[PDB]
Amino acid sequence: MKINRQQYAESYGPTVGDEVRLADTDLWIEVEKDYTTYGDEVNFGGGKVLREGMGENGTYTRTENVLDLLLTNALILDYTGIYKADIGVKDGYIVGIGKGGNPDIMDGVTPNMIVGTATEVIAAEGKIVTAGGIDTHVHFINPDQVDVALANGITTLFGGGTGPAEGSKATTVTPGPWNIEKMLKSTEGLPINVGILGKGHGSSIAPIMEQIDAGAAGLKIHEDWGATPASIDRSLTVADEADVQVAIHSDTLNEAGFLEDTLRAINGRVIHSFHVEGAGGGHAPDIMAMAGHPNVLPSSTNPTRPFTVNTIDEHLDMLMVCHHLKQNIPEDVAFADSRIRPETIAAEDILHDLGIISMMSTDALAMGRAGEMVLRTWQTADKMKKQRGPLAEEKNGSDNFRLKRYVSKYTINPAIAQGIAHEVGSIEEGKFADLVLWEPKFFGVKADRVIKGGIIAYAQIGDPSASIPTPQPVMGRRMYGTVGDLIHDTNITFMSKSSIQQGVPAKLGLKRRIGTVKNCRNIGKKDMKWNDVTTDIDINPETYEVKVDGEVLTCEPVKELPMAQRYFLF
Amino acid sequence: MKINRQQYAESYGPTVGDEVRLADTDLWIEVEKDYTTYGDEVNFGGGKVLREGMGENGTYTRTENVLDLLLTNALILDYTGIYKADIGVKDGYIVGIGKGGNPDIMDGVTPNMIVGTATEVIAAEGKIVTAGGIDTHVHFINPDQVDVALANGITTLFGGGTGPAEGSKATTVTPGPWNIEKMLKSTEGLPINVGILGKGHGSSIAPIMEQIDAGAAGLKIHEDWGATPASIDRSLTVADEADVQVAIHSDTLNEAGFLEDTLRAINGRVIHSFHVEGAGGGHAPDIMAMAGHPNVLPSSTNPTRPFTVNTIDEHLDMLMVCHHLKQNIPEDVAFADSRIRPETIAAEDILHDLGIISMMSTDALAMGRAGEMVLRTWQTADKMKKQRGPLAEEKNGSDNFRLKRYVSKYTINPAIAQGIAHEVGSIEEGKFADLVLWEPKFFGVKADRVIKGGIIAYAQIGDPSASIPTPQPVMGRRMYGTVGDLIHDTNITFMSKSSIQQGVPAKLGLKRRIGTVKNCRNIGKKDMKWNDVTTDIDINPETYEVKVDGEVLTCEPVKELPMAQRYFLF
Amino acid sequence: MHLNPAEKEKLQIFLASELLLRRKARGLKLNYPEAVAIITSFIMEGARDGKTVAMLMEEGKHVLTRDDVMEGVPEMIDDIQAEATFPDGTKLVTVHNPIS
Amino acid sequence: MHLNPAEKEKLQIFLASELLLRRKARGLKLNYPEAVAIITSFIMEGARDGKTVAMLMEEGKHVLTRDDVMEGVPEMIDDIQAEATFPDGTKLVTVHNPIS
Amino acid sequence: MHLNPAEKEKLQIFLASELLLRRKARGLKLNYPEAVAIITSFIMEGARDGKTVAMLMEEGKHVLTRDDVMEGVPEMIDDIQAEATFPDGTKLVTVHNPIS
Amino acid sequence: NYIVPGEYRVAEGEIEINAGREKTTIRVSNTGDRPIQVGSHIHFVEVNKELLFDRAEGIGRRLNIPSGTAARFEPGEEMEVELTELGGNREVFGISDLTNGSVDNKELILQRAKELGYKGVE
Ligand code: NI
Ligand code: NI
Ligand code: NI
Ligand code: NI
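Engineer: How would you explain the overall build of chain A if you had to name every residue and give the values?
Structural biologist: Secondary structure assignment for chain A yields 16 helices and 24 strands. Over its C-alpha trace chain A gives a radius of gyration of 24 Å, about what one expects of a compact globule, namely 25 Å for 570 residues. Within chain A, the proportion of its 570 residues that are buried is 70%. Across chain A, the fraction of contacts at a sequence separation of at least 24, relative to all contacts at a separation of at least 6, is 69%. Entry remark: accessible area of chain A is about 16,900 Å², with carbon and sulfur atoms responsible for 48%. Charge-centre separation for chain A: the mean point of 54 positive side chains lies 3 Å from the mean point of 76 negative side chains.

Below, the structure is given as structure tokens:
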């Protein structure tokens, strides 16, 4: 007995060789391999396979290779591959990627993926499953930002801030031991993973280091606090000792140096360069040349992504408003004209496509959109396909190489840069079960269900008074993972090794899972998955033209994007 | 090099001799003094002063005279003065009022106001900063009342209630040890300081006192529970032993006595007389004469403030509804006509202006508006300026004397009456950092940011999905001070000395800061800042005319108020 | 806009009244929540117009009549209370037995 | 519908603008929150219409004039900022000194 | 009014439908959330009008046609489900493939 | 009588900044090919290497401009600026690591500046 492929995909989701359109883009992903045994697919419901004696084992206790949760028939899109599998979760972690069910009667069951009495089931057939997004450029300004992030599939927020204080409104910084302690305590109530950055500023080690010992998970060097050679140096000496990452928003004004001076102060040490294109800040006009260097882990923020016809008008005015500029102060219009450049924004699209900018991020509420990191990543990939063609590395008509290159920018790469990829950032065995299910029609736009630590935290679901959950109004809502003390077991607070060894969690009464930041100082550009290109980026000081390997990098702005007016109410 | 005053004020906020209009009132406040050093003003941002090596010190650790938070360039309006300063906060308390920055390179830096690595910055330039309001007449009826209070700059709620039970809907009372324990536990989740009043009723000491030992912070004597000579006496004997305050809503009906009988039962002991004018309740018609006595700390509630053309019609009907009166019961219309009096409401405006009524309060949800204490205080001051002229004590054309008299009514005076002024009620060194920033255009109407224990708790802030926090919709929202366990460190539960000594906080698992109520029994009218007048208030029993020093106190109702239809959507 | 908690809530009364008004215009006899929303919004808009508390206590009794509403609705509504910002600040309006 | 947090919030701006427009149509001088709601909704609907950011920065200054609003309102509104989904994605529009 | 949780939520569907209807009236091709809001509100108002579940399953397929909406919108909407209070209590209406 | 809510009514006069401190005028050239903008409170001797001026005249000084403002030098631009004296303890730490102590140690500051190529020493 045979099933035609259209009917097969309708019932169980796609299989080897089938392609799926990403939302309303022109991007198609292709199933590379499938872990199932045709005819022994797992499925749940009235009269279906996962029933006692059948696809559900009736013999084994939970500890005997039985899962807490099985996601059936997922189409995984990850740096590791684009493929079809069941995902098994236990104790909050991904423990098996393969084929779930009962070894009594099915062939090919992965040995620790038994569906038993203890197992909950999520049907992922017809859904695309990705890792939760890792946003490493978050300003903690307004707690309403968390649901915004969750709704677009973000599960980890790394950054800083104390609320709507001017320091935090400008910089991803939670300054000093007391503010850090207070925000670790606030974090107990946020339904998302969090890591906190201290102020990467000072000329003595102690004032900087005491933040790391207090519970910070990294540092931020920002020009608003003085991105001088000294603060750069002292922060990287602390980071190399503490094994945490340093981010930088460099001196736009070139006050104490040009880009080469900041690179000299870095002295080959690893650093994460935020909004590397420079509209979001940094040495004018040539900060984007940071993305060519081996010791630099380069991210973009999202307002410039991708280059559209309203971008320049919007950014010139945004900068006037947020940086308080006056058109009647000649220095302020020169400053703006030196910072907001179509030449570097157009090239940024192409540097993403080439794998020279490795990461995406938001810059949430300071100069970036909390719920648009994932969104704008796929809009950029789609624009690049249209303008540059399918990459050369594509095969058999799919956009899989491009899709793996771009999914890495907001999942595994930020996690590696931050020293947290042992816990999150990808759909791999042994990693925390932060998983996002997407309907293909909404892929990258609005998440279906967001799983945090193995329990659904956020979902698009309807009328709570209805007979079934699908009637209107269907909207994003917090689920049982966010309620009561379950918010503690489903989320991770990432902290330095020294704060953990000094017993900060117990001191402050932290109940969240505590994650250790490690292995951040011996990495480089070569460790950024699918985005590991080092090259000499030349930015002309007069014209702002960007060249890589002797060629000018330019592309046009687009008038329309997918993942836009077809979906949003406003 | 010199800067003209208009440009100076635009950049750094006003300085000595400059005046600022309070919202859309006719009231002008004048900067009396300024702690800065002209040219070494502190300011934060791209290329600004608070940067490492410059206005931010790069050497000192947090414990070495470094602040957790600096509010730059605040215009303080407080009983202590109307003046320009930086405010430094550390460990949740105000530790310095003066000049912040770096002693390396600036002149005049207050020694414990160093901006260092550990310091967060709030820009207060162009803002008016006041203490958080202290509302000592709160009925705990509906938890949605807390954001209402926060939005109009209230940071401490003293009163009682268990929710929408009839006892609590009528009286500021949380009765008995069990209800008190339950509401102390509920208080753990309210983002505002709280003090709880027990039932000030009984004829034996034990039943009353056991409430104080259970965790109450004072008592309420209310006519609905029997405001008899015995309950008055027993409550004040308990209060004198326990060192807590007693409030009273006296016997309107004169059942067991007239005002002189209630004064005889008080017997010279200190007491807080609620809604002293009497529309809100008390011996008809002459309860307002309480405000002349030395042992009486007199407050108004807010529906009568100030006297307007709709006041009488509104109050007659409000009383009919809330007191369940029938127009077909002659006793009920006589009761209403004896209680709601234009003669005493008009005089109440003038008694506030003279400093004879010392305090304002809400009567939230029982006969008063949770979010209008601050609002109506300034509307009253504005009405009095128009009708009576600038006070005689004014100088050089400002309304500073009036402004200090009126700001005291909802900040320091309620705190002194309650025995909590060692912790809150004013912007002074050594007091808890409960601070409210106001844009002058919204002063007294809608707070910009409310700081609780050094962390922003509530703010008017915009779209959480936007690139910056200022896009619409700008609305009042809870901030990170209210989330997780940070709600415990940013708020105070005020309790009696005996409950604290008997270990109630530990018994109940209270995690909030615990504040001690003390020094409430040896104070009097003379201790009410700027509002310390004792005099013989005569209220004519036939005509209800009020006389002070032989003169009739009368003024007209107004048809329009400032801080009204220009601001509110409804 | 600087919306406070009450302003946000009271927008929803206006919306419910717009809904009810559309229902009445297409010929429906109004129900309990619909009648309350219409009269409440009338009071709040009256305050915004600068009418007095006394004018609105009078006018509120003529907004809906018993033929406008379902059987029993008049007797279910003992009074309708609303606070709004008049030219002289927030005041409470109670309309007693609004539908005879 | 799949409403996200911002979509739900921004519905309330439209509603406030409908309220304000009705107030203006019956002859009232508009207040601060009313004026902000009208101009904000104009920007967001303009984005939905497919206008550019530059067109809306121009047009936003002609939506309300000083005779439409209460005394002091023009000077209270330094600018109005709104983000909406244009044909090319979310963009920020700021209308500077919208009411002269 | 005694608003319950569902009544408050469902007001926002009506509002989204009013928004969408204004967008359609000024000539726009409607998007996904707009189309869903219009059809959902139609069902809930139909229930309020006293129509049967069977009438609304029929009528719901003729509220919007493919020329009213953007490319792809018809195929994105497999069905629209709404519960409302009919004369005989709450019932669920599902309109299948509403836009052909 | 028109009311602008929250408006100022400033006093008469002007505010003199950095009163009583020595002022010095110097010529400064941006020899680089990118713009340099210098804030009010940076120790002037520790600015970008490619700004050419008499480095000794920057020691213990900063720009004499309103707090939080800046002077801008376009590529190739030479202009005069006015400096004022640093106050307080007259010590500078960090920034470009040219001082790290008293600003009185002019010979040590200049030796470090010359060795690191900060243009204009002697
Ligand atoms: Ni930045
Ligand atoms: Ni940032
Ligand atoms: Ni009372
Ligand atoms: Ni009361």
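Engineer: Got a sec to walk through the interface of chain D and chain C? Specific residues and values, please.
Structural biologist: With 18 residues of chain D at the interface, the matching set in chain C holds ten residues. With both chains or domains summed, chain D and chain C bury close to 1,300 Å², and 59% of this area falls on carbon and sulfur atoms. At the junction of chain D and chain C, the tally comes to five salt bridges. Residues D:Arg22 and C:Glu18 are paired through a salt bridge, measuring 3.4 Å at the closest nitrogen-oxygen approach. Summed over the shared surface of chain D and chain C, the result is seven residue pairs in polar contact. Every element with two or more residues in the side of chain D that touches chain C is listed here: α1 (5-25) and α2 (32-49) of chain D. Take the side of chain D that touches chain C: its biggest share by element is seven residues, from α1(D).

Engineer: Describe the nonpolar core, naming the residues involved and giving the relevant values.
Structural biologist: Burial of nonpolar side chains together is a common tendency in soluble globular proteins. Within the largest apolar cluster, 362 residues are counted, with the highest numbers of intra-cluster contacts made by A:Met290, A:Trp378, B:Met290 and B:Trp378. Once you skip the residues sitting within four places of it in the chain, B:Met290 turns out to touch B:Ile248, B:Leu259, B:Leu263, B:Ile266, B:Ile271, B:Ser273, B:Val276 and B:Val296. Of all hydrophobic cores here, the second largest spans 43 residues; its members include B:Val121, F:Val47, F:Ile65 and F:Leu110.

Engineer: Give me the interface of chain A and chain B: which residues, what numbers.
Structural biologist: Contacts between the two partners involve 61 residues from chain A, matched on the other side by 49 residues from chain B. Here chain A and chain B share an interface that buries about 4,300 Å² over both sides, 59% of which is from carbon and sulfur atoms. Contact with chain B buries surface across chain A, with A:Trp178, A:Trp225 and A:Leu365 losing the most and accounting together for 16% of the total. In this structure, the connection of chain A to chain B is made through six salt bridges. Between A:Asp144 and B:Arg477 there is a salt bridge whose closest N-O contact spans 2.9 Å. Summed over the shared surface of chain A and chain B, the result is 31 residue pairs in polar contact. When contributions to the side of chain A that touches chain B are tallied by element, the ones reaching two or more residues are α2 (145-151), α3 (166-170), α4 (176-187), α5 (205-214), α6 (229-242) and α8 (311-322) of chain A. Considering every element that reaches the side of chain A that touches chain B, the biggest residue donor is α4(A), with eight residues. Its residues placed into classes, the side of chain A that touches chain B shows 26 nonpolar, 22 polar and 13 charged.

Engineer: Explain the sheet that holds strand β22 (residues 537-539) of chain A to me, and be specific about the residues and the numbers.
Structural biologist: Residues and elements named next belong to chain A. Strands sit in the order β22-β23-β24 across an open sheet of three strands; the sheet is antiparallel. Two strands in the sheet have a free side with no partner beyond their single neighbour: β22 and β24 (551-552). Direction of pairing for β22 relative to strand β23 (residues 546-548): antiparallel, over a ladder of three bridges. Note that in β23 the partner of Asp538 across the bridge is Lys547. Relative to β23, helix α10 (residues 342-354) is tilted by about 30 degrees, and along the sheet it contacts β22 and β23.

Engineer: Requested: an account of the coordination of the nickel ion (ligand 1), with residues and values cited.
Structural biologist: All names here are of chain A. Coordination of the nickel ion (ligand 1) by the protein is provided by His249 (ND1) and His275 (NE2), with metal-donor distances spanning 2.2 Å. A distance of 3.1 Å spans the gap from the nickel ion (ligand 1) to the nickel ion (ligand 2). Of the two residues, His249 is situated in strand β12 (residues 245-249) and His275 in the loop between β13 (271-273) and β14 (296-300); the sequence distance between them amounts to 26 residues. The pair formed by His249 and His275 is uniform in burial state, with each residue classed as buried.

Engineer: Can you break down the coordination of the nickel ion (ligand 3) residue by residue, with the values?
Structural biologist: Coordination of the nickel ion (ligand 3) by the protein comes from B:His249 (ND1) and B:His275 (NE2), over a distance range of 2.2 Å. The metal-metal distance between the nickel ion (ligand 3) and the nickel ion (ligand 4) comes to 3.1 Å.

Engineer: So, the packing of aromatic side chains: which residues are in play, and what are the values?
Structural biologist: Here the structure, examined in full by the defined rule, presents 25 aromatic pairs over all chains. Both rings, one in A:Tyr35 and one in A:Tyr83, keep their centres 5.8 Å apart while their planes meet at 65 degrees; by these two values the pair is edge-to-face. Placement of the pair is A:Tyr35 in the loop between β2 (28-30) and β3 (69-78) and A:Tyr83 in strand β4 (residues 81-90), with a sequence separation of 48 residues. Considering the side-chain rings of B:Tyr93 and B:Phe432, the 5.2 Å spacing of their centres and the 70 degrees angle between planes classify their relative orientation as edge-to-face. One end of the pair, B:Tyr93, is in strand β6 (residues 93-98); the other, B:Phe432, is in the loop between α13 (412-418) and β17 (435-438), with 339 residues separating them in the sequence. Ring-pair connections join several aromatic residues into one group, and the members of that group are A:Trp378, A:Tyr410, A:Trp438 and A:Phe443. Cation over ring: B:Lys33 sits above B:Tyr83, and NZ or CZ is 5.5 Å from the ring centre. Positioned over the ring face of A:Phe258 is F:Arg34, at 4.1 Å from the centre of the ring.

Engineer: Residue-level account of the packing of helix α1 (residues 5-25) of chain C against helix α1 (residues 5-25) of chain E, with values.
Structural biologist: One way to put it is that α1(C) packs onto α1(E) with a least axis distance of 10 Å and a crossing angle of 70 degrees. Accordingly, the angle class assigned to the pair α1(C) and α1(E) is roughly perpendicular. Where α1(C) crosses over α1(E), the two elements pack in a sense that is left-handed. For the pair α1(C) and α1(E), contact is made by C:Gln12, C:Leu15, C:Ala16, C:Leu19 and C:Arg22 and by E:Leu11, E:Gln12, E:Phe14, E:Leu15 and E:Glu18, respectively. Taken together, the residues of the contact of α1(C) with α1(E) sort by class into six nonpolar, two polar and two charged.

Calculation criteria
- Residues numbered from 1 in each chain as written, not as in the entry; some residues may be left out.
- Chains lettered and ligands numbered in written order.
- Part of a larger assembly, values for the part shown.
- Heavy atoms only, no water.
- Helix = DSSP H or I, 4+ residues; strand = E, 2+ residues; numbered from the N terminus.
- Rg over C-alpha atoms; globule rule 2.2 N^0.38 Å.
- Buried < 20%, exposed > 50% of the residue type's maximum accessible area, 1.4 Å probe, protein only.
- Contact = heavy atoms within 4.5 Å.
- Areas by Shrake-Rupley, 256 points an atom, 1.4 Å probe, with all protein chains shown as cover.
- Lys, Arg positive; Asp, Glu negative; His and termini not counted.
- Charge placed at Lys NZ, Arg CZ, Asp CG, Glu CD.
- Buried area = accessible area lost by both parts, 1.4 Å probe.
- Salt bridge = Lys/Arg side-chain N within 4 Å of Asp/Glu carboxyl O.
- Polar contact = N/O pair within 3.5 Å; in protein donor to acceptor, adjacent residues only side chain to side chain.
- Core = buried A, V, L, I, M, F, W, Y, C linked by side-chain atoms within 4.5 Å.
- Nonpolar A, V, L, I, M, F, W, Y, C, P; charged D, E, K, R; others polar.
- Pairing = 2+ DSSP bridges.
- Axes fitted to C-alpha atoms, helices over the stretch in contact; angles between N-to-C directions.
- Donors = N, O, S within 2.8 Å, 3.2 Å for Na, K, Ca; no water.
- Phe/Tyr/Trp six-rings, centres within 6.5 Å; stacked < 30°, edge-to-face > 60°.
- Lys NZ or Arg CZ within 6 Å of the ring centre and 35° of its normal.
- Parallel < 35°, antiparallel > 145°, perpendicular 65-115°, else oblique.
- Left-handed = near helix turned anticlockwise from the far one by under 90°.

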